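Engineer: Got a file for you: start-v8.txt, compact mmCIF, C-alpha atoms.
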```
# COMPACT_ATOMS: atom_id res chain seq x y z
CA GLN T 1 85.31 39.01 150.23
CA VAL T 2 83.97 42.43 151.22
CA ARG T 3 80.82 43.35 149.30
CA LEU T 4 78.64 46.44 149.23
CA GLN T 5 75.32 45.37 147.73
CA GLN T 6 73.00 48.19 146.72
CA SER T 7 69.30 47.96 145.87
CA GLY T 8 68.06 47.85 142.29
CA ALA T 9 67.53 50.72 139.87
CA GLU T 10 64.67 53.10 140.60
CA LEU T 11 62.50 54.67 137.90
CA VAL T 12 60.28 57.28 139.52
CA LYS T 13 58.08 60.31 138.82
CA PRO T 14 59.08 63.94 139.60
CA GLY T 15 58.03 64.80 143.15
CA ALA T 16 58.18 61.29 144.61
CA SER T 17 60.70 60.03 147.19
CA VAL T 18 62.96 56.99 146.93
CA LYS T 19 64.83 55.10 149.63
CA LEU T 20 68.03 53.35 148.60
CA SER T 21 69.70 50.60 150.63
CA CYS T 22 73.26 49.34 150.92
CA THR T 23 73.83 45.93 152.49
CA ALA T 24 77.40 45.31 153.59
CA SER T 25 79.07 41.90 153.56
CA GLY T 26 82.45 40.91 154.97
CA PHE T 27 82.65 43.63 157.62
CA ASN T 28 80.58 45.43 160.27
CA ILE T 29 79.34 48.87 159.22
CA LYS T 30 79.52 50.11 162.81
CA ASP T 31 83.31 49.70 162.63
CA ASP T 32 83.35 52.12 159.69
CA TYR T 33 81.87 55.35 158.46
CA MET T 34 79.28 54.75 155.74
CA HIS T 35 79.38 57.30 152.92
CA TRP T 36 77.01 58.13 150.09
CA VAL T 37 78.18 59.67 146.81
CA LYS T 38 76.19 60.97 143.85
CA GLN T 39 77.49 60.79 140.27
CA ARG T 40 76.26 62.51 137.12
CA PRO T 41 77.83 61.98 133.66
CA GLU T 42 78.75 65.67 133.32
CA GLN T 43 78.84 67.23 136.79
CA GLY T 44 80.90 64.34 138.19
CA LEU T 45 81.15 63.04 141.75
CA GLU T 46 79.49 64.78 144.70
CA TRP T 47 79.82 63.71 148.33
CA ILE T 48 76.33 63.47 149.80
CA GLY T 49 77.22 62.68 153.39
CA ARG T 50 78.38 60.19 156.00
CA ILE T 51 76.90 58.19 158.88
CA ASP T 52 78.34 56.52 161.98
CA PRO T 53 76.24 53.34 162.41
CA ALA T 54 77.64 52.95 165.93
CA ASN T 55 75.69 55.97 167.19
CA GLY T 56 73.70 57.34 164.26
CA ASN T 57 75.64 60.59 163.87
CA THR T 58 75.38 62.06 160.38
CA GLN T 59 77.28 64.73 158.46
CA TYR T 60 75.96 66.19 155.20
CA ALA T 61 77.43 68.33 152.46
CA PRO T 62 75.40 71.59 152.68
CA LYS T 63 74.03 70.95 149.18
CA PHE T 64 72.20 67.87 150.51
CA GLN T 65 71.29 68.78 154.12
CA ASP T 66 67.84 69.38 152.77
CA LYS T 67 67.43 66.63 150.21
CA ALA T 68 69.05 63.46 151.54
CA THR T 69 68.55 61.56 154.76
CA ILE T 70 71.12 58.92 155.69
CA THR T 71 70.20 56.16 158.14
CA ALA T 72 71.73 52.82 159.17
CA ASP T 73 70.67 49.54 160.77
CA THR T 74 73.43 47.48 162.38
CA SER T 75 71.16 44.46 162.90
CA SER T 76 70.86 43.95 159.14
CA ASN T 77 74.28 45.54 158.54
CA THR T 78 72.61 47.91 156.08
CA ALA T 79 72.91 51.64 155.40
CA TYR T 80 70.15 53.68 153.76
CA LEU T 81 69.80 56.82 151.64
CA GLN T 82 66.45 58.62 151.52
CA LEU T 83 65.86 61.31 148.90
CA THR T 84 62.96 63.78 148.95
CA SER T 85 61.23 65.81 146.21
CA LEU T 86 63.15 64.27 143.31
CA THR T 87 63.63 66.53 140.29
CA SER T 88 65.17 65.99 136.86
CA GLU T 89 68.66 66.71 138.29
CA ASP T 90 68.34 63.99 140.91
CA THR T 91 68.71 61.56 138.03
CA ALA T 92 72.06 60.00 138.91
CA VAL T 93 73.95 56.91 140.01
CA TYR T 94 74.10 56.80 143.81
CA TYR T 95 77.01 55.01 145.47
CA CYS T 96 77.51 53.78 149.00
CA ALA T 97 81.04 53.26 150.29
CA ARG T 98 82.82 52.19 153.45
CA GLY T 99 85.32 54.25 155.46
CA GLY T 100 87.51 56.63 153.48
CA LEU T 101 85.79 55.58 150.25
CA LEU T 102 87.98 52.45 150.30
CA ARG T 103 85.41 50.21 148.62
CA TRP T 104 82.24 51.15 146.74
CA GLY T 105 78.95 49.48 145.90
CA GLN T 106 77.82 48.80 142.34
CA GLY T 107 75.67 51.92 142.62
CA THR T 108 71.92 52.40 142.28
CA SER T 109 70.72 54.17 139.15
CA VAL T 110 67.86 56.58 139.81
CA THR T 111 65.88 58.02 136.90
CA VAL T 112 63.35 60.79 137.46
CA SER T 113 60.87 60.64 134.57
CA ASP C 1 84.72 74.45 150.12
CA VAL C 2 88.02 72.93 148.96
CA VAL C 3 88.13 73.04 145.17
CA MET C 4 90.07 70.19 143.55
CA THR C 5 91.49 71.01 140.10
CA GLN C 6 92.75 68.16 137.90
CA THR C 7 94.89 68.55 134.78
CA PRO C 8 94.67 67.30 132.17
CA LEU C 9 90.96 66.47 131.85
CA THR C 10 91.42 63.88 129.12
CA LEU C 11 94.48 61.76 128.34
CA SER C 12 94.68 59.74 125.13
CA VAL C 13 97.84 57.63 125.16
CA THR C 14 99.54 54.59 123.61
CA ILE C 15 99.73 51.27 125.47
CA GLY C 16 102.99 51.12 127.41
CA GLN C 17 103.56 54.88 127.55
CA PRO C 18 103.86 56.68 130.90
CA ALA C 19 101.19 59.05 132.21
CA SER C 20 101.04 61.92 134.69
CA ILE C 21 97.99 63.57 136.27
CA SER C 22 98.02 66.80 138.28
CA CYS C 23 95.76 67.55 141.25
CA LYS C 24 95.62 71.03 142.79
CA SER C 25 93.59 72.06 145.84
CA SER C 26 92.40 75.54 146.80
CA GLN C 27 93.81 75.14 150.33
CA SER C 28 96.41 73.02 152.13
CA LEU C 29 95.45 69.37 152.66
CA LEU C 30 97.98 68.96 155.45
CA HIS C 31 95.67 68.39 158.42
CA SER C 32 96.46 69.77 161.88
CA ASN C 33 96.89 66.17 163.08
CA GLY C 34 99.95 65.97 160.83
CA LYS C 35 98.66 63.80 157.99
CA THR C 36 97.65 64.75 154.44
CA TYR C 37 94.35 63.15 153.41
CA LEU C 38 94.66 63.26 149.62
CA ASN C 39 93.42 60.19 147.78
CA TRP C 40 93.10 58.83 144.25
CA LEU C 41 90.20 56.88 142.75
CA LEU C 42 90.02 54.82 139.58
CA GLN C 43 86.69 54.19 137.86
CA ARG C 44 86.94 51.77 134.94
CA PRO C 45 84.31 52.13 132.18
CA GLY C 46 81.01 50.68 133.39
CA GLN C 47 82.59 50.01 136.77
CA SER C 48 82.20 51.63 140.17
CA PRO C 49 85.03 53.84 141.53
CA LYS C 50 87.78 52.27 143.65
CA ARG C 51 90.49 53.82 145.83
CA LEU C 52 94.03 53.51 144.49
CA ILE C 53 96.07 55.88 146.63
CA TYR C 54 95.61 57.29 150.14
CA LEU C 55 97.75 59.56 152.34
CA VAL C 56 99.41 61.02 149.21
CA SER C 57 101.63 58.00 148.49
CA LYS C 58 100.17 54.81 150.02
CA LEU C 59 98.94 52.14 147.60
CA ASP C 60 95.75 50.25 148.43
CA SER C 61 95.77 46.44 148.34
CA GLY C 62 96.01 44.98 144.85
CA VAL C 63 97.14 48.24 143.24
CA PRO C 64 100.21 47.71 140.96
CA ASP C 65 103.34 49.66 141.89
CA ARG C 66 103.34 51.11 138.37
CA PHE C 67 101.31 53.74 140.20
CA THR C 68 103.10 56.28 142.37
CA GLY C 69 101.50 59.09 144.38
CA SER C 70 103.44 62.20 145.36
CA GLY C 71 103.19 65.85 146.36
CA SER C 72 102.49 68.03 149.38
CA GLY C 73 100.31 70.89 150.60
CA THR C 74 98.20 71.85 147.59
CA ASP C 75 100.11 70.29 144.70
CA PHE C 76 99.85 66.55 144.05
CA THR C 77 100.69 64.18 141.19
CA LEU C 78 99.70 60.68 140.11
CA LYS C 79 102.14 58.96 137.78
CA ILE C 80 101.80 55.73 135.83
CA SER C 81 105.12 54.22 134.74
CA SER C 82 103.41 52.27 131.96
CA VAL C 83 99.74 52.43 130.95
CA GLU C 84 97.98 49.07 130.63
CA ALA C 85 94.47 48.10 129.52
CA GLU C 86 93.41 47.74 133.16
CA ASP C 87 94.48 51.32 133.86
CA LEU C 88 91.96 52.85 131.45
CA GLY C 89 89.05 54.84 132.87
CA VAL C 90 88.59 58.01 134.92
CA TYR C 91 90.95 59.06 137.71
CA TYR C 92 89.57 61.21 140.53
CA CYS C 93 91.62 62.87 143.23
CA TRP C 94 89.77 63.80 146.42
CA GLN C 95 90.54 65.29 149.82
CA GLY C 96 89.36 64.22 153.26
CA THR C 97 91.26 66.83 155.25
CA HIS C 98 88.44 69.36 155.27
CA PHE C 99 84.73 68.56 155.20
CA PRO C 100 82.75 68.42 153.00
CA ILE C 101 84.73 65.81 151.08
CA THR C 102 85.36 67.15 147.57
CA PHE C 103 86.42 65.50 144.30
CA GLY C 104 88.35 66.64 141.25
CA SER C 105 86.38 66.65 138.00
CA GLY C 106 88.25 63.56 136.82
CA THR C 107 90.86 62.69 134.21
CA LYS C 108 89.76 60.37 131.42
CA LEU C 109 92.55 58.00 130.36
CA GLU C 110 91.99 56.21 127.05
CA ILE C 111 93.78 54.91 123.94
CA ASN E 1 91.03 53.85 161.62
CA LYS E 2 87.28 54.06 161.08
CA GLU E 3 87.83 56.09 157.92
CA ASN E 4 90.49 53.60 156.77
CA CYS E 5 93.07 56.40 156.56
CA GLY E 6 91.02 58.12 153.84
CA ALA E 7 89.78 61.17 155.74
CA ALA E 8 90.12 63.00 159.06
```
Would you give me this structure, written as structure tokens?

Structural biologist:
Amino acid sequence: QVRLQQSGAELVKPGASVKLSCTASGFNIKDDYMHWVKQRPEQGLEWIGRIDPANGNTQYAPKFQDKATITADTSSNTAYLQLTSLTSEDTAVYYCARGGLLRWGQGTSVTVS
Amino acid sequence: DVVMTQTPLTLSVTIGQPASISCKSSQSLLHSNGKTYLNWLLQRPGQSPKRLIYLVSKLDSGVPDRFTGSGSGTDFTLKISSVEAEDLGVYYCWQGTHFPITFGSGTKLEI
Amino acid sequence: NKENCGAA
């Protein structure tokens, strides 16, 4: 069974920087595009960006070109999401997903206290 | 960016009744390559989102055929022939024709 | 089909 296992919830202070991970099981991430999506209870879903683990090419939604950094490691079959300068708004559930948002991870809940 | 407008926003219905959700985009989702990359997600309460429909009408694996996707260009519709307990949650349409990928604000289906 | 038919 294909699984997208994301790291545990992060509770952090305003101004810090977290790094979320997404370990894929049942497929090779280099055969797909790895996506990251942010969700807030009111504002909804927002596409953060996408990475090609085969070469490292990334594409970001302009709203996050500054904030997020998406990396991948094919050896551990894991994709990563790095977030800088977290503010109160960055409080959200962050999802990773394989190509075309076919399957999603359980999401990592970030809280900026 | 492509703005995805879903109507209605909330849908309170009786078990067994049909349902219909509209999804409108600000520009045509027919790609130059000849395919229309409009998709549908379902996110059950407490659950993570999951893709139900891709390429307007294609059902993903495991998705009941009670669901039917239709439409073209900028006007798309998701219909449920009969709402079950497993169909409750939030439905999101989203496009992958133009980047950045954008989502509709979601339609909450409940009883 | 790297995007699994979900996007261009």

Engineer: Considering only C-alpha atoms, tabulate each residue of chain E that lies at most 6 Å from chain T along with its nearest interatomic pair and the corresponding distance in Å to one decimal; arrange the rows by chain and ascending residue number and present them as a tab-separated table.

Structural biologist:
```
residue	atom	partner	partner_atom	distance
E:2	CA	T:32	CA	4.6
E:3	CA	T:99	CA	4.0
E:4	CA	T:99	CA	5.4
E:6	CA	T:100	CA	3.8
E:7	CA	T:100	CA	5.6
```

Engineer: Counting all atoms listed in the file, figure out which residue out of C:18, C:64, C:49, C:34 gets nearest to chain T.

Structural biologist: C:49

Engineer: Taking only C-alpha atoms into account, report as a list in words which residues of chain C lie within 9 Å of chain E.

Structural biologist: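 Only these qualify: residues 31, 33, 35, 36, 37, 38, 39, 54, 55, 95, 96, 97, 98, 99 and 101 of chain C.
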
Engineer: Counting all atoms listed in the file, which residues in chain T sit no more than 10 Å from chain C? For each one, give the nearest pair of atoms and the distance in Å, sorted by chain then residue number, as JSON lines.

Structural biologist:
```
{"residue": "T:37", "atom": "CA", "partner": "C:101", "partner_atom": "CA", "distance": 9.9}
{"residue": "T:42", "atom": "CA", "partner": "C:105", "partner_atom": "CA", "distance": 9.0}
{"residue": "T:43", "atom": "CA", "partner": "C:105", "partner_atom": "CA", "distance": 7.7}
{"residue": "T:44", "atom": "CA", "partner": "C:105", "partner_atom": "CA", "distance": 6.0}
{"residue": "T:45", "atom": "CA", "partner": "C:103", "partner_atom": "CA", "distance": 6.4}
{"residue": "T:46", "atom": "CA", "partner": "C:102", "partner_atom": "CA", "distance": 7.0}
{"residue": "T:47", "atom": "CA", "partner": "C:101", "partner_atom": "CA", "distance": 6.0}
{"residue": "T:48", "atom": "CA", "partner": "C:100", "partner_atom": "CA", "distance": 8.7}
{"residue": "T:49", "atom": "CA", "partner": "C:100", "partner_atom": "CA", "distance": 8.0}
{"residue": "T:50", "atom": "CA", "partner": "C:100", "partner_atom": "CA", "distance": 9.8}
{"residue": "T:59", "atom": "CA", "partner": "C:100", "partner_atom": "CA", "distance": 8.6}
{"residue": "T:60", "atom": "CA", "partner": "C:100", "partner_atom": "CA", "distance": 7.5}
{"residue": "T:61", "atom": "CA", "partner": "C:100", "partner_atom": "CA", "distance": 5.3}
{"residue": "T:62", "atom": "CA", "partner": "C:100", "partner_atom": "CA", "distance": 8.0}
{"residue": "T:63", "atom": "CA", "partner": "C:100", "partner_atom": "CA", "distance": 9.9}
{"residue": "T:93", "atom": "CA", "partner": "C:48", "partner_atom": "CA", "distance": 9.8}
{"residue": "T:95", "atom": "CA", "partner": "C:48", "partner_atom": "CA", "distance": 8.2}
{"residue": "T:97", "atom": "CA", "partner": "C:50", "partner_atom": "CA", "distance": 9.5}
{"residue": "T:100", "atom": "CA", "partner": "C:96", "partner_atom": "CA", "distance": 7.8}
{"residue": "T:101", "atom": "CA", "partner": "C:51", "partner_atom": "CA", "distance": 6.7}
{"residue": "T:102", "atom": "CA", "partner": "C:51", "partner_atom": "CA", "distance": 5.3}
{"residue": "T:103", "atom": "CA", "partner": "C:50", "partner_atom": "CA", "distance": 5.9}
{"residue": "T:104", "atom": "CA", "partner": "C:50", "partner_atom": "CA", "distance": 6.4}
{"residue": "T:105", "atom": "CA", "partner": "C:48", "partner_atom": "CA", "distance": 6.9}
{"residue": "T:106", "atom": "CA", "partner": "C:48", "partner_atom": "CA", "distance": 5.6}
{"residue": "T:107", "atom": "CA", "partner": "C:48", "partner_atom": "CA", "distance": 7.0}
```

Engineer: When you draw a straight line from CA of residue 57 (chain C) to CA of residue 76 (chain C), how long is it in Å?

Structural biologist: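 So the answer is 9.8 Å.
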
Engineer: Need the shell around residue 73 (chain T): protein/DNA/RNA residues with any atom at most 12 Å away, counting all atoms listed in the file. Skip same-chain ones fewer than 2 positions apart. Format as an MDAnalysis selection string?

Structural biologist: chainID T and resid 21:24 28:30 34 51:56 70:71 75:81

Engineer: Can you measure CA of residue 7 (chain C) to CA of residue 107 (chain C) for me? One decimal in Å is fine.

Structural biologist: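 A separation of 7.1 Å between them.
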
Engineer: Applying 7 Å and all atoms listed in the file, which residues near region 77-84 of chain C remain after dropping the ones on its own chain fewer than 6 positions away? List them as a VMD selection string.

Structural biologist: chain C and resid 15 to 23 66 to 71

Engineer: Would you mind exporting C-alpha atoms of the selected residues as a compact mmCIF listing (two decimals), keeping the file's coordinate frame?

Structural biologist:
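Written out: part-v5.txt:
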```txt
# COMPACT_ATOMS: atom_id res chain seq x y z
CA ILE C 15 99.73 51.27 125.47
CA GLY C 16 102.99 51.12 127.41
CA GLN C 17 103.56 54.88 127.55
CA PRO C 18 103.86 56.68 130.90
CA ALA C 19 101.19 59.05 132.21
CA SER C 20 101.04 61.92 134.69
CA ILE C 21 97.99 63.57 136.27
CA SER C 22 98.02 66.80 138.28
CA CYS C 23 95.76 67.55 141.25
CA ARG C 66 103.34 51.11 138.37
CA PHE C 67 101.31 53.74 140.20
CA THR C 68 103.10 56.28 142.37
CA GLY C 69 101.50 59.09 144.38
CA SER C 70 103.44 62.20 145.36
CA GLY C 71 103.19 65.85 146.36
```

Engineer: Using CA of residue 3 (chain C) and CA of residue 27 (chain C) as the two end points, give the distance in Å to one decimal.

Structural biologist: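 We find that CA of residue 3 (chain C) and CA of residue 27 (chain C) lie 8.0 Å from each other.
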
Engineer: Write out as an mmCIF file with C-alpha atoms, keeping the file's coordinate frame each polymer residue whose atoms come within 6 Å of region 12-14 of chain C, counting all atoms listed in the file; drop sequence neighbours fewer than 4 positions from it.

Structural biologist:
```cif
data_model
loop_
_atom_site.group_PDB
_atom_site.id
_atom_site.type_symbol
_atom_site.label_atom_id
_atom_site.label_comp_id
_atom_site.auth_asym_id
_atom_site.auth_seq_id
_atom_site.Cartn_x
_atom_site.Cartn_y
_atom_site.Cartn_z
ATOM 1 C CA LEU C 109 92.550 58.000 130.360
ATOM 2 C CA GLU C 110 91.990 56.210 127.050
ATOM 3 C CA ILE C 111 93.780 54.910 123.940
#
```
